[PDB]
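Numbers restart at 1 for each chain; the letters A, B, ... are given by sequence-line order, proteins then strands. Counting starts at 1 for both ligands and their atoms, in listed order.
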Protein chains: 4
Amino acid sequence: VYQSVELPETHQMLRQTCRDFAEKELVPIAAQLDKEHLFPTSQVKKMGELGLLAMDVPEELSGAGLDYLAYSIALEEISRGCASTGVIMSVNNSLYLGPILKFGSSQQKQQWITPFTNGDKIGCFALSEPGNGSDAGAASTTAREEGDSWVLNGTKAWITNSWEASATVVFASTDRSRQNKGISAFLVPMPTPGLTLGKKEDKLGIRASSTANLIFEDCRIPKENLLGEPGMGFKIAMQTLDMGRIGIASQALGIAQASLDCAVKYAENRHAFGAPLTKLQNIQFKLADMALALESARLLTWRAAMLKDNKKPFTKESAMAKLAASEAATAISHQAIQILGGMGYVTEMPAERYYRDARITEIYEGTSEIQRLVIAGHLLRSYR
Amino acid sequence: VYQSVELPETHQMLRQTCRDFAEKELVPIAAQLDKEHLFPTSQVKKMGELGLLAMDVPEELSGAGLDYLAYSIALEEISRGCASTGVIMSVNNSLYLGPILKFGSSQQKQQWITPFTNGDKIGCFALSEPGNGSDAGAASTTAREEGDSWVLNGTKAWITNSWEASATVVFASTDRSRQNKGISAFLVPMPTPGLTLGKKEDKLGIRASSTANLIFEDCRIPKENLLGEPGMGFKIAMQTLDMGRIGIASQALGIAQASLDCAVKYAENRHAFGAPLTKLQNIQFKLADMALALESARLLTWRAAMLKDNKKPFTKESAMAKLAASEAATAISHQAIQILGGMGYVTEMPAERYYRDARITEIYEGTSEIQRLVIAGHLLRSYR
Amino acid sequence: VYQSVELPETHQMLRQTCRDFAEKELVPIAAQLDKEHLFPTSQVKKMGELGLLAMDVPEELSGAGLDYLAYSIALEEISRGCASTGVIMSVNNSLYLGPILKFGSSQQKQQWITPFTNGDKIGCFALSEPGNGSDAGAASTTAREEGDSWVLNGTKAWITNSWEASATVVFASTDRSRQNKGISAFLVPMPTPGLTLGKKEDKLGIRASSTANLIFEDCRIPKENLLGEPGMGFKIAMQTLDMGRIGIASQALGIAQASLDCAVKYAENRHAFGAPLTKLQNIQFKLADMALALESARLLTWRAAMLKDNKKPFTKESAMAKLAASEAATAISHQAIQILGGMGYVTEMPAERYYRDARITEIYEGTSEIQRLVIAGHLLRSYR
Amino acid sequence: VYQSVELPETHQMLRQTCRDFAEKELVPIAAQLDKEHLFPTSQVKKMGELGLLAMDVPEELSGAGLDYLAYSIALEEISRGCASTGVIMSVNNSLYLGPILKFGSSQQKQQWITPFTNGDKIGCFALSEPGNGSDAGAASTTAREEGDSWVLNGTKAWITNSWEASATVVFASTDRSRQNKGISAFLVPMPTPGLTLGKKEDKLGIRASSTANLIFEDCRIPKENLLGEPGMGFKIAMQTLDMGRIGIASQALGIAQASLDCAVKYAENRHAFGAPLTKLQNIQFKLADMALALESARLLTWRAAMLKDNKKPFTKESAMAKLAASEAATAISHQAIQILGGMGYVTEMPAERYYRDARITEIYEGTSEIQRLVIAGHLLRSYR
Ligand SMILES: CC(=O)CC(=O)SCCNC(=O)CCNC(=O)[C@H](O)C(C)(C)COP(=O)(O)OP(=O)(O)OC[C@H]1O[C@@H](n2cnc3c(N)ncnc32)[C@H](O)[C@@H]1OP(=O)(O)O
Ligand SMILES: CC(=O)CC(=O)SCCNC(=O)CCNC(=O)[C@H](O)C(C)(C)COP(=O)(O)OP(=O)(O)OC[C@H]1O[C@@H](n2cnc3c(N)ncnc32)[C@H](O)[C@@H]1OP(=O)(O)O
Ligand SMILES: CC(=O)CC(=O)SCCNC(=O)CCNC(=O)[C@H](O)C(C)(C)COP(=O)(O)OP(=O)(O)OC[C@H]1O[C@@H](n2cnc3c(N)ncnc32)[C@H](O)[C@@H]1OP(=O)(O)O
Ligand SMILES: CC(=O)CC(=O)SCCNC(=O)CCNC(=O)[C@H](O)C(C)(C)COP(=O)(O)OP(=O)(O)OC[C@H]1O[C@@H](n2cnc3c(N)ncnc32)[C@H](O)[C@@H]1OP(=O)(O)O
Ligand SMILES: Cc1cc2nc3c(=O)[nH]c(=O)nc-3n(C[C@H](O)[C@H](O)[C@H](O)COP(=O)(O)OP(=O)(O)OC[C@H]3O[C@@H](n4cnc5c(N)ncnc54)[C@H](O)[C@@H]3O)c2cc1C
Ligand SMILES: Cc1cc2nc3c(=O)[nH]c(=O)nc-3n(C[C@H](O)[C@H](O)[C@H](O)COP(=O)(O)OP(=O)(O)OC[C@H]3O[C@@H](n4cnc5c(N)ncnc54)[C@H](O)[C@@H]3O)c2cc1C
Ligand SMILES: Cc1cc2nc3c(=O)[nH]c(=O)nc-3n(C[C@H](O)[C@H](O)[C@H](O)COP(=O)(O)OP(=O)(O)OC[C@H]3O[C@@H](n4cnc5c(N)ncnc54)[C@H](O)[C@@H]3O)c2cc1C
Ligand SMILES: Cc1cc2nc3c(=O)[nH]c(=O)nc-3n(C[C@H](O)[C@H](O)[C@H](O)COP(=O)(O)OP(=O)(O)OC[C@H]3O[C@@H](n4cnc5c(N)ncnc54)[C@H](O)[C@@H]3O)c2cc1C
C-alpha cells in the first residue's frame, strides 16, 4: 500500500514471495505462537530453504547472495506476519552470521557460517549482561588464555534464540586494564561443557522467541575460536549492531504495517452513527498520520540498507531508521487498538498483540535514548 | 508524593487508610490476580466493610456518607495497588448505585442500594451492545410492557462485573423508531430467568475483572423495576457516565502514580556508566514530564469531583479529567517501561502490567475521541 | 550535512552552485529584505540567468531542461538563504509555468512561457478568494463569453507576486450550475484594463514577497486566453497544486536546514556551566530529533519529485512531503530559538525570522488539515 | 469562560474589574503598542491607581493588601488584553517589590517599596549577564566595599523595564572565586552616576516593553543599599524567581485565553464547504485540546499561588505552572493561527502577535529546560 520509485524486479519478486509465505505460513498461527510461547520450528526451516536466514551471505558459503535492501524488504513482510519469527530471522542474519562474515577467517566462515544457512541451525548474539546493557563496554564476563584455549567465566543476559541456538558470538573481557578497549569476541558452540542456559523469560511481547541468560563457568574453547584480534571486541559489536539495527527497523515496519492494515479494514466495515468509521473526519486524520509515519520510516530504513550495500558509512542512518521505525510502531499499533475500540482490547483481534510486540523495538539493540546519542554524535562530527 | 492545598482531615485521613490498605492487601497479590484472571473476592468484601463500595451513599441507606472528592482520592489509592480492583469498585459506586440514588424511588433505594453496600453483593452497568458502544442511542435491546411486567430481549456487550454481579441496570428501547428518545432504564436481578451470561472475555489488561455479554431472551421483570420515567433512559445513561468518568479518571491516576513510583525507585538503584540513572539529564527530564502530567490530571479530576459535590454542572470538567488522566497513564506507564529497560518488558516487574491496564482507560466509559467531542460541545456552548 | 545514496553528478553540481549563490547573494541581505519588505529584484534576475526560474521547462522553450528532483534540491538551497526568494521562485516554476506547459497549446507555450524564463518577467497563480481558500471549488469570480473574448468579474485573494508579475493564471466560474465542475483557467496579462491590485498585505513572515488581491471589474481578455477546455479548471488547479506542494516542501526543508545550522554552530560556541551546550545531554537529544525530522522530510520530498519525473501518480506523496516538511520547519525553527535562549528572541540573530517564515508553510497551497484529508482519501482508495 | 470551584467574592469581583479594564483600556491599543514598541505610560499609571502594581504589598506600605491568588487572576486578565503590559506589571510585583518585601529592613521597605506602588515609578530585576542566563551563579559583575559605599562594575543583560525604571535590584559578586556563594543583592536608584543604559533590544514579541543592558562603571551606592546579608544574593535571586515564575505562568495563561477566544469567535463565523468551521470534526478536536491545556495549566498556576499564600514550599509547583502554561500558550496560539488560516498570518488579526508574545514565556525567568531540572530535583527529593 506504498509507492516506491523504481525497485529492481528481483526485489519486487522477493517481496511478493515473502508476503505470500507470511500470509500462508505465519498469519494463521501467529496468535497460537504468542499464546503458547512456541518456537516456530517448521516455519523457520521452510524460511531457511527459501534462503531467508542467510540473505547477505554469498552463494559460495551457501548463502542467498542478495543484499541488505532485499533483507529489509523480506524482513518487513515476515514481521508483518509474526514479529517473533521476524526477530529470530534478524538475529541469525545480522547478529550471528554478520560479524563472522565480516571479521572471520576463511576457515571460521566455513565451519560457523555454512552450517547455519539452511534452517537446521541458528545462532545468537551475547553482549548484554545483568549489570549492563546500554553500557556495552562494561563487560564483566572474562576470558583467560590457557595456551591453546580460552576459559570463559561470567553471565550473559537476555539472549534471544538462546534455547534453540547451536552457536553464539560472545563478548568477554580479555584485558580489564583497558576497559572497553580490552574486550574480545569469541565463537562458542552450543551445547558445550561449562555453558548453562538460564530459565526462559516471561515477556510482554515476541513471546514465541526465547530469551534467557548464558552462564559460563570455566567454559573452555579452542584458542582459534577468537574472532578478529584481541581487544577488537567493542568495535565488532558496534559495527555488528549497525547492521542489526537496520533489521530491527525492518521488523518494526512490519508490525506497523499489520497494524495499519487491521485498522483500515475494520474502519471500513464498522458502522457508527449510520456510516463506516472512515466517514468520520477524525478517523481519516489518524490513518493519514499513521501512513505518513510508516512510509517515512521505510524510506529511512531503505536509505540505511542501501548505504550498507554501497559500502558507505551508515551508523547514523541506521540509528535514525531504527528509532523512527520503532517509535512509529508503538504509535501506529496504539491507534489501531483505539480505532477498533473495545475489539482492540481483546485477544480475538491481533491489535493488542501488535501493541505488545511493538514495545520491544524501542528497547533492544539499543534503546531510543541511545540511538539519539549516536545520532547527535555523528551529526556534530559532520559540523566540526 | 504531591503537595495539596489544604484537604479536610477526613479526606487526608482517608487517603492514609486507603494507601495502607492497598499496600497491605492489594500490592502483594496484584501480579497473581492479573496472571490468573482471579476476581479478588476477599478483598472486595474487606473494602465493602471499610465502606469503599458505597462512598457517596448516605448512612441512612448503609452508605459511608462521604462525597466524590473522597471517592476520587480513595479510588486513586486503591487503583495504585490493583487496577482491576479499582474498576470493580468504581462500577459499583458510580455506575450501579449512582443512578439508583439519583433517579430511584424511595422503595427502589431500599431494595437495590442497601443490599449492595457491604461487599456481599455488587452491581454492573449494561449500556453497550455488540453493534454499538460510542453510539449509545442505537440500542437494539428491547423492552415491552406486558401489563404488570416488562419483557426484555436483546444482547448487551462488554459488561464489567457481569460474572460476579447480583443486579444490573440495563438500557433498552421501548420504540426503536424513536431512536435515543425511546430508551428506558431497568433494574434486573442476577441471576434471573431469561438472562444468561456470555463467556468471559480474554483481554490485554484489568484481567482480574470479568467482561462478558448479557443475553436477554424474554426476560420478565416486575413493572416497578423501571428506573425513572419511560423514555428518560438516555438522559439517565448520560448523567450516570458523567459521574463514572470521574471514577475512571481516578483509576488512571492510580496506574500512573504506581508507574512513576516504580520508575523513580528503579532509576535511583540502577547504575549505568558509573552512576545512578537519575544522574542522566534525559532521565531527569522524563521524570519531570511524568510528574507534571500526573499532578496536572489530578487537579482536573479533583475539580470535577468538587463541582459534583457542590451540585454544579460538571460534564465538561468530568470529560477533561477522564481524557487527560487516561492519556497520562499510558504515556507515563510507557516511559516507566523505557526507564527500566529490559527489566520493563518482563513479568518479574510490574511495569508491563501497568502499561496493559492503562490502555483500557482511553477506551471505556467513552473513548478519548468521544471525550473530545463532549468537551468541544460544552466549550462552544459557553461562547454562544 | 546529510548523506544520500547515489545522486547524479548533475544534481550534486547543481546543489553546490545554488548553495554558493545563496551564500553569496542571499544570506547577507535576507535580514534587510525581511525588515524592509523589499522584493529582491536583482537577485531574481541573476537567478533567472542561472535558469532557476524555469527548471522543468525544456530547452526549446528557453527553459533549463532539468527535472523536479533538480528543482527540489535547488529550491532547498535557495530557501535556506531566503525563504521569500524561495517562494517567488517556486511560484514561477510550479504554479505559473507548470500548468501552461502541461495544458497549454503550442502557441500559448510560446507567448506565455518563453518570456518568463530569464528573470525579466515572473507570473502568479490566482485560485483563492476572500470567501474561500480551502474550499477551492467555491469560485465566485465569473467569466462570461462575449464572442471573441471573455469578461471577468470578481475578487481573487492572497496573490503572491501580484505586485511584480506580468501575467497570471486565474480560475473563474464559467458555469455555475455545475459548481466545482464549472470552473475554467485563464491566462491574463498584467497590467490590463479592468484589473486592479489590492493593497499589499502586512504579514508575519516571507515579508519580501508581495501578497495582495486581484480585483476584476469587467476585465476583458481574448477568447484564446482560455487554458485547456471549459470546465477543466478544477482539475488543472489540483494537478498544478500537486506540483507546487513539492516546491513548498522544498522551501520548508531549506528553512529547517538553516535553523539546524544556526542551532548547531551556536551550541558549540556558547558555554554554560563550564562547557559548550553540546555537552548537555538534553541539547544533544534535541539536535538528534531535529536532524531526524529534517532528513525524513527530505526523503519524502525527493520521492515525490522523482515520481513526478517518472510520470507516476504522486498526489499522495506530494501531500505527505509538504505536510511533513512544513511541520518539521516550525518544530525545528522553534527549537533553534530555544537553543539560542535570549539570543533567539532578538533580531540580531536569524532564528526568529526562520520561525516566522516557517509558519506559512503549514498554511498556503493547502493547510496541513487539507493535506491530511488528501492523504487519507488516497490511502483508503488503495485499500478498496 | 471556565468554571471554578468557589472563589471568595473579593477575587471573583477582582476578576471582573481587571477584565473590564483590559477590555476598555488595553485591547483597543494593543496592536499600536506592539507596532510602535510604545511603553503604555497612561495605562501603567491607571493600573497603579487600581493597586495592580503592588498587589501582595500590605496597605501600611501603600500596597493593595491582596495575595498571590488575586495577583495571578488579575495578571491573567491584564495579559489577555496586552502581553507587554502584563510583564511590566509582573516585574514590578514579583521581581522588584517581592525581594524588598521579603528581605528588606524596615527602612528599606519605606524607601524602596512605598514610592513604587502608585504607578509613578516602577522597578526592574538585574540578574542575567551577556555571558550567562541559565547559569545564574556565574555573574561577572562585581561589588567591592569602599567603607561607607559599595562600588559596582560590570554589565547586566536583558533587563526588562530598564528604560522606564527608577530603581533596580542588581546581583553582583563580592568574591568571584567563591562562585555562587559570593553573590550579594543591591538596590540601585536609576538614573545614577556610573550607570548607563544599553540601546533597546529589537525583539520578536512583547515589544511594548523595554529590554536592554545595564552598564556599571564604578557605580557607587550607599552601604545600606545591600539587600539581605553578604553572600545571601543567590538565595535571594532563587526565592524571588519562585514568585516571579507564578507571574509568568499567569501572563502565558492570558495570551493562551486571548488566543482561544479568537479561534472560537472566528470559527463560528467563517464558513467552509457550506457550514461554520465549528461543524468540522477536526476543528472541534483542536478547540477541545486547546481548552484542556489551558484550564489544566491554570489549575497548576492557582495551586502554586495558594501554596505561596499559605506559606508552604512552592518551588516545584511554581516551576510546573510556568512550564505547562508557557508551552500551552505557544501550542494554543499556534493553533489559533491555523484555524484562522490565511487571516492568521496577517497583522489585521491579533493571532500572529499572540504567537510572537507567547514564544518568550518559554524562555525568560528560566527556560523550559531549567524548569524541568528544578522539577526533577524536587521530585527526587520527595522520594529520598
Ligand atoms: C536481538 C537483540 O535484541 C540484540 C540485542 O539487543 S544486542 C545488545 C544491544 N546493546 C546496545 O546496542 C548497547 C548500546 N550502547 C552502544 O551502542 C554504545 O555502548 C554507546 C553508543 C553508548 C557508546 O559506548 P561508549 O562506551 O561511550 O564508547 P565510545 O566512546 O562511544 O566508543 C568507544 C570506541 O568504539 C568506537 N565505535 C563506536 N561506534 C562504532 C561503530 N559503529 N563502528 C566502529 N567503531 C565504533 C569509537 O569510535 C571508539 O573508538 P576509539 O575512541 O578507539 O577511536
Ligand atoms: C465499566 C465501564 O467501562 C463502563 C462503560 O464503559 S459504560 C458505556 C460507555 N459508553 C459511552 O460513554 C458512550 C459515549 N457516547 C456518549 O456519551 C454519547 O452517546 C454522545 C456524546 C456521543 C452523544 O450522543 P448523541 O446520540 O449524539 O446525543 P446528543 O444529541 O448529544 O444528545 C441527545 C440528548 O441527550 C442529552 N444529553 C447528552 N449528554 C447529557 C448529559 N451529560 N446530561 C444530560 N443530558 C445529556 C442532550 O441534551 C439531548 O437532549 P434532547 O435532544 O432530549 O434535548
Ligand atoms: C504560492 C501559494 O501560496 C499558492 C497558494 O497557496 S495556491 C491555493 C491553494 N489552495 C488549495 O490547495 C486548496 C485546498 N483544497 C483542495 O486541494 C481541494 O479543494 C480538496 C482536497 C479540499 C478537494 O475539494 P472538493 O471540492 O471536495 O473536490 P473532490 O470531490 O475531492 O474532487 C472533485 C474532482 O476533482 C478531482 N481531483 C482532485 N484532486 C485531483 C488531482 N490531484 N488531480 C486530478 N484530479 C483531481 C477529483 O477526482 C474529482 O473528479 P471527478 O469526481 O469528476 O472524477
Ligand atoms: C522579566 C524577566 O524575564 C526576568 C528574568 O528572566 S530573571 C532571570 C532568570 N534566570 C533564571 O531563572 C535562571 C535559571 N537558573 C536557575 O534557576 C538556577 O541557576 C539553577 C536551577 C540552574 C540552579 O543553579 P546552580 O548553580 O546549579 O545551584 P544549585 O546547586 O541548584 O543551588 C545552589 C544553592 O542555592 C540554593 N537554592 C536553589 N534554588 C533555591 C530556591 N528556590 N530557594 C532557596 N534556595 C535555593 C540551593 O539549595 C543551594 O544551597 P547551598 O548549596 O548553599 O546549600
Ligand atoms: C526481549 C529482549 C531481548 C533481548 N535480546 C538480546 C540479545 O539477543 N542479545 C543481547 O546481547 N542483548 C539482548 N537484550 C538486551 C538489550 O540489549 C538491553 O536490554 C538494552 O540494550 C537496554 O539495556 P538494559 O536493559 O541494561 O537497560 P539499562 O542500560 O539499564 O537502561 C535503562 C534506561 O536508562 C537509559 N540509559 C542508559 N544509558 C544511558 C545514557 N548514556 N544516556 C541516556 N540514557 C541512558 C536507557 O535508555 C533506558 O531507558 C534483550 C532485551 C529484551 C527485553
Ligand atoms: C474492558 C472493557 C470493559 C467494558 N465494560 C463496559 C461496561 O461495564 N458497560 C458498558 O455498557 N460498556 C462497557 N464497555 C464498552 C465500552 O463502553 C465501549 O467499548 C466504548 O464506548 C467504545 O465503543 P465500541 O467498542 O463499540 O467502539 P466503537 O464505538 O465502534 O468505536 C470505534 C472507534 O471509532 C471512534 N468513534 C465512534 N464514534 C465516533 C464519533 N462520533 N466521532 C469520533 N470518533 C468516533 C471511537 O472513538 C473509536 O476510536 C467495555 C469495554 C471494554 C474494552
Ligand atoms: C502569505 C500567503 C500567501 C498566499 N499566496 C497565495 C497565492 O499565491 N495564490 C492563491 O491562489 N492563494 C494564496 N494564498 C491563500 C491560501 O491558499 C489560503 O490562505 C489557504 O488555502 C487557506 O484558505 P483560507 O485562508 O481561506 O482558510 P480557510 O479555508 O477559511 O480555513 C480555515 C481553517 O479551517 C480548516 N479547514 C478548511 N476546510 C476544511 C476541511 N474540509 N476539513 C478540515 N479542516 C478544514 C483549515 O485547515 C484552516 O485551519 C496565500 C495565503 C497566505 C497566508
Ligand atoms: C525579552 C527578554 C527579557 C528578559 N528580561 C530579563 C530581566 O528583566 N532580568 C534578567 O535578569 N534577565 C532577563 N532575561 C534573560 C533570561 O533570564 C535569559 O535569557 C534566560 O534565562 C536564558 O539564558 P540565556 O539567554 O543566557 O541562555 P543560555 O543560558 O545560554 O541557554 C541556551 C540554551 O541552553 C539551555 N541550557 C542551559 N543550561 C542548561 C542546563 N543546565 N541544562 C539544560 N539545558 C540548559 C537553555 O535551556 C537554552 O535552551 C530576558 C530575556 C529576554 C529574551
Q. What atoms in ligand 4 come closer than 4.0 Å to a heavy atom of D/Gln239?
A. 43 (N), 44 (C)
Q: Run the numbers for me: atoms of ligand 4, each under 4.0 Å from some heavy atom of D/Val374, listed by number.
A: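 Under 4.0 Å from D/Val374, ligand 4 has these atoms: 21 (C).
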Q: Examine ligand 2 and decide if any of its atoms is less than 4.0 Å from a heavy atom belonging to B/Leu373.
A: no
Q) Which of the numbered atoms in ligand 2 are below 4.0 angstrom from a heavy atom of B/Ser128? A) 8 (C)
**Q.** Distance-only donor-acceptor check, side chains B/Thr330 and B/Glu362, under 3.5 Å
**A.**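 B/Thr330 vs B/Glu362: donor-acceptor pair found between side chains.
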Measuring to protein heavy atoms, does anything land under 4.0 Å from [atom]?
{"atom": "atom 51 (P) of ligand 2", "result": "no"}
{"atom": "atom 54 (O) of ligand 2", "result": "no"}
{"atom": "atom 15 (N) of ligand 2", "result": "yes"}

**Q.** Side chain, backbone, both or neither: B/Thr160 near ligand 6, heavy atoms under 4.0 Å
**A.** both
Q | Region of B/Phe125 engaging ligand 2 - heavy atom pairs below 4.0 Å | A |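 Only the side chain of B/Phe125 comes within reach of ligand 2.
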Q) Given that the side chain starts at C-beta and the backbone is N, CA, C, O, which of these parts of B/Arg245 lies under 4.0 Å from ligand 2, counting heavy atoms, or is it both or neither? A) side chain
Q | Atoms in ligand 6 with a heavy atom of A/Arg270 nearer than 4.0 Å | A | 26 (O), 30 (O)
Q. Relative to atom 46 (C) of ligand 6, which among B/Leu127, B/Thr367, B/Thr211, A/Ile283 owns the nearest non-hydrogen atom?
A.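 Looking at heavy atoms only, B/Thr367 sits closest to atom 46 (C) of ligand 6.
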